[PDB]
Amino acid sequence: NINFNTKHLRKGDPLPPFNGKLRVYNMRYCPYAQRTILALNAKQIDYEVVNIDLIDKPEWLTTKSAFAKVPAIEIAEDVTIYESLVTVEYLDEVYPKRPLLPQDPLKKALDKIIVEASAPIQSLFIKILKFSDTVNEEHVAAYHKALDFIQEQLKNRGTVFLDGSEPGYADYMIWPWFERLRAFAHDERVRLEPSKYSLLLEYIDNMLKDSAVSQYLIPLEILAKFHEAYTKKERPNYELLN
């Protein structure tokens, strides 16, 4: 029912009036904002998306998102939450069905640790994307430590997904970087050796089939095109899907 690909709004664009639907201030290619989409999808919460041009930001953005970042959710008129993990934790507390976070505090903590474990991945991706020349071997090594740790958590838990037979917070909150890893899979510093990472590669295949993931997937040729702008220092085209 939801259109993920309405125009990204720029300075001079009007602010659509609140209409009752929970609203996400998003940008289609933002992995951080993707966390909020995944959560909303998995929990089957009705919502609407307002896309934001991050190069030429709407004047009224900081009104909704103090740090001028995405995502932000608006849960009522002029009442907003931002910071991706903050938004997801709010939705999990207020919408009880399909709980993303473990109820047991210890298990909850482990999930958050796992998410933190993906920082080196988040880091390598943004470096390769925007500061590619500065990418050294500590970055690449840290990234591999990151993958090792995550795979091992999955191995130890023995389940299909980090959070069980259905993906949960840990899965969804790291997923966007795995979605992106797929498009970096022919840069040599990212490609995964299939013996070492066969369990992780299998998990990624299964994630692609989760309906919260699949309905929001970016076709890989589109994502590569998008990334291309950055590596050339071009002005982003936010409308490739529209």
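All residue numbers refer to positions in the sequence shown, first residue = 1.
Stretches compared: 48-56, 208-216. Higher mean C-alpha B-factor in the entry: 48-56. For the segment pair 22-30 and 61-69, the entry gives 61-69 the higher mean B-factor, averaged over Cα atoms. Between the residues 133, 166, 171, 89, the entry's highest C-alpha temperature factor is the one at 133. Sort the chain's modelled residues by C-alpha temperature factor and residue 121 lands in the middle third, per the entry. Residue-level temperature factors show residue 146 in the middle third of its chain, judged at the C-alpha atom. Ranked by Cα temperature factor within the chain, residue 35 sits in the lowest third according to the deposited record.
The entry lists a Cα temperature factor for residue 185 that places it in the highest third of the chain's modelled residues. Ranked by C-alpha B-factor against the other modelled residues of its chain, residue 93 falls in the middle third.
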